[PDB]
């Protein structure tokens, strides 16, 4: 007799592990986490700031950092508006709003992130969470938390923030999960955590429309929910029906 039906089936498995690798890769300690801060402007276009780090992504946008471009030609206008906002009434500023101050923020946070410890806070013009610094803290009662970000998958969550005023700024923290109960802020591991956490702030990108934006998010595999509330990217691997 003879048994010729021994076609190997390792290929299926190799591809399968490549698929799992993309989903589990982010969960290895010192794997990269990736956050996209996306501002929407009055011209309907976007400015996207891409962050990555292996321990935690924190940072801020002061009031000035919120603006669309802030070119030399508009520096005086922006200076005076900033004066009026951050020190009324000392700005030679003649309009209630700037064309270049955003109308909303979208945040795509991706990776092995401790959602419980995530903080996203819309601060005032001095980047504080209280009117008086003497009552301000690291984070306040109006802070956004991880569970408030819309879940796209196990890898990514997405937050929408309307800006109904033009005096606000932004402060955020997206920290890694540890490996089980191993706190790497222990003496064994903390030196490496501190020295490895180089928080990359890539130069802001300008995207004309939401089609181009969806394309970017899908290209970089960062989760995105479009203006119609449809999840177009969730950070996960491609697959066919099970």
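Numbering follows the first chain given and starts at 1.
130-138 and 71-79 differ in mean CA B-factor, and the higher of the two is recorded for 71-79. Note on the listed residues 192, 179, 52, 203: the highest Cα temperature factor in the record is that of 179. In this PDB entry, the Cα temperature factor of residue 219 sits in the bottom third of its chain's modelled residues, the lowest group.
Residue 116: CA B factor in the highest third of modelled residues in this chain (values from the PDB entry). In this PDB entry, residue 85 carries a Cα temperature factor that places it within the highest third of its chain's modelled residues.
Ranked by Cα temperature factor within the chain, residue 109 sits in the lowest third according to the deposited record. Among the modelled residues of its chain, residue 43 has a C-alpha B-factor that falls in the middle third, as given in the PDB entry.
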